[PDB]
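J.: One structure coming up, written as structure tokens, with questions to follow.
Every residue, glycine as well, gets a Cβ built from its backbone with ideal geometry; the counts of neighbours run over all protein chains shown. Computed from the coordinates by the stated procedures, all read-outs in this text should not be read as laboratory data.
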Amino acid sequence: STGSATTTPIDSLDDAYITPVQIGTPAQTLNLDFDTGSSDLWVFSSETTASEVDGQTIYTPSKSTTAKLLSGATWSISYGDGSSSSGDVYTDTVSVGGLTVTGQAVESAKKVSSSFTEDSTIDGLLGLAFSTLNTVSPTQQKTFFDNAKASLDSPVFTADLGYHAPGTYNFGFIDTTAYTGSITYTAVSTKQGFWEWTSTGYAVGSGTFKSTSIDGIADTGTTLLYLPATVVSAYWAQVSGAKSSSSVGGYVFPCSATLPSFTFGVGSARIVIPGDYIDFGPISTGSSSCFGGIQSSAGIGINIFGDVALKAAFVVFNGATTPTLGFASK
């Protein structure tokens, strides 16, 4: 089998992407944030505290003839941005772009933190990291991809995120029309449960390429590119007036600037992030200070190849017995 679904930016900055997902019988369609940095499929629901729902579409398990309470199971997750959610668990039928999994754990939120409530466009998350990170207790549950894998034509999914435009998540096949050149594959460590890999270096604008190993994660659920402070300083030093602002929480730059590109290495191949992809707009409405799309990872503990980087590439998440990542230009 295969599946193919369009993913759409939630706003004009590409802060995140939503993909429609059918849950239950008859189908209830929710718009989920596909997150290769986590491993829980959780949704706003009829069980979510009413004051914490503000415009989201909810899953109502009592209206699904295929929903079954997973007795005793609870979940609770905290994300790198400080947000969180928790609740109980149903199993139900879940379909993405024509690919159906029966018995998928659907984690129903009883509580969500304020940033989820405040984002009316995201009805939940669909985790695509390794199932060892799934938070369901006392019986850990499998991701949608893990459940689908054996049925897929090939044990892969691909992320093709757009810049200020829709893109595509495919399951079970590699669309050879969706990228240019060849796909360069690189080794993955699953030891932390992430799609963790090592970039071979970077360049700033038209500058020379610096060969240096940068370990990080391919994370569709993170907006920006988080890299070591040395690398980030070298980038922003090329932008007149750019500075790191403790009050804002990262590098800012004059909105009048034209940003240089940023290149990252995948083996001997190179992915170029255009400068425009690194502009996240005014820090507050009407400000002439703009927020940068490349930020330091120094306070995180891990480097994160988030949407800023991934949307410059066609990205293969290869879930073969030994997983690997593939990157192609597009």
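J.: What nm distance separates the two modelled labels at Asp81 and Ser120, each placed 7 Å from Cα along Cα→Cβ?
T.: Each label point is offset 7 Å from its Cα along the Cβ direction, giving 1.8 nm.
J.: Would you kindly derive the ³J(HN,Hα) couplings of the stretch 21-36 from the backbone phi angles with the Karplus curve 6.51 cos²θ - 1.76 cosθ + 1.60 (θ = phi - 60°), listing them in order in whole Hz, with x for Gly and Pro?
T.: 9, 8, 10, x, 9, x, 4, 10, 9, 10, 9, 10, 8, 6, 10, 6
J.: Over the chain, what per residue volume does the convex hull of the Cα atoms give, in whole Å³?
T.: 130 Å³
J.: Rounded, prolate or oblate, given the Cα gyration tensor of the stretch 58-178, with a/c below 1.5 counting as rounded?
T.: Since a/c reaches 1.5 but b/c is at least a/b, the shape of the stretch 58-178 is classed as oblate.
J.: Going Cα to Cα from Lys110, which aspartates and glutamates come in below 12 Å? Please leave out same-chain ones fewer than 8 positions away.
T.: Straight-distance partners of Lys110: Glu47, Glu52, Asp88.
J.: Which shape class applies to the stretch 175-330: rounded if a/c is under 1.5, otherwise prolate when a/b exceeds b/c and oblate if not, where a ≥ b ≥ c are the square roots of the Cα gyration tensor eigenvalues?
T.: prolate
J.: Suppose only helical runs count, i.e. DSSP H with n ≥ 4. What mean residue ellipticity at 222 nm does that imply for the chain under -39500 (n - 2.57) per run, divided by all residues and rounded to the nearest 500 deg cm²/dmol?
T.: -1500 deg cm²/dmol
J.: Normalised by the number of residues in the stretch 175-330, what is the relative contact order in percent for Cα pairs under 8 Å and 6+ residues apart?
T.: 32 percent
J.: So for the stretch 5-174, averaging the separation of alpha carbon pairs under 8 Å that are six or more residues apart and normalising by length, what relative contact order in percent results?
T.: Result for the stretch 5-174 is 28 percent.
J.: Could you work out how much longer the chain between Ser46 and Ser189 gets when fully extended? Use 0.36 nm per residue separation minus the Cα distance between them, nm to one decimal.
T.: Gain in length upon complete extension: 47.7 nm.
J.: Something else now. Which of the peptides 285-293, 308-316, 166-174 is most tightly packed, and how do the rest follow, going by the mean number of other Cβ atoms within 10 Å of each residue?
T.: Result, highest mean Cβ count within 10 Å first: 308-316, 166-174, 285-293.
J.: Can you run phi through the Karplus equation (6.51, -1.76, 1.60; θ = phi - 60°) for the stretch 275-292 and list ³J(HN,Hα) in whole Hz, with x for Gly and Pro?
T.: Running phi through 6.51 cos²θ - 1.76 cosθ + 1.60 with θ = phi - 60° gives x, 4, 5, 9, 8, 10, x, x, 5, 8, 3, x, 6, 8, 9, 10, 8, x Hz.
J.: Another question, if that's okay. Please state the relative contact order of the chain as a whole percent: Cα pairs under 8 Å, 6+ residues apart?
T.: Across the chain, relative contact order equals 19 percent.
J.: Show me the ranking of peptides 245-258, 45-58 by mean Cβ neighbours inside 10 Å, starting with the highest.
T.: The most tightly packed comes first, giving 45-58, 245-258.
J.: What is the fewest-to-most order of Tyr163, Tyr17 by other Cβ atoms lying within 10 Å of their Cβ?
T.: By the 10 Å Cβ count, ascending: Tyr163, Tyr17.
J.: Pick out which of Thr220, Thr100, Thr180 has the largest mean-square fluctuation in a Gaussian network model of the chain, springs linking Cα atoms closer than 10 Å.
T.: Ranking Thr220, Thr100, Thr180 by mean-square fluctuation puts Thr180 first.
J.: What ranking do 76-85, 189-198 get when scored by the average of other Cβ atoms within 10 Å per residue, highest first?
T.: The packing order, highest mean first, is 189-198, 76-85.
J.: Is there a quick way to get the dipole size of the chain? I mean about its Cα centre, with the Cβ of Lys and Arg at +1 and of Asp and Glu at -1; what is the value in debye to the nearest 20?
T.: With only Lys, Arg, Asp and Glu charged at Cβ, the dipole is about 640 debye.
J.: Dipole magnitude of the stretch 175-330 about its Cα centre, charges +1 at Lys/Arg Cβ and -1 at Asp/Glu Cβ only, in debye to the nearest 20?
T.: The calculation lands at about 220 debye.
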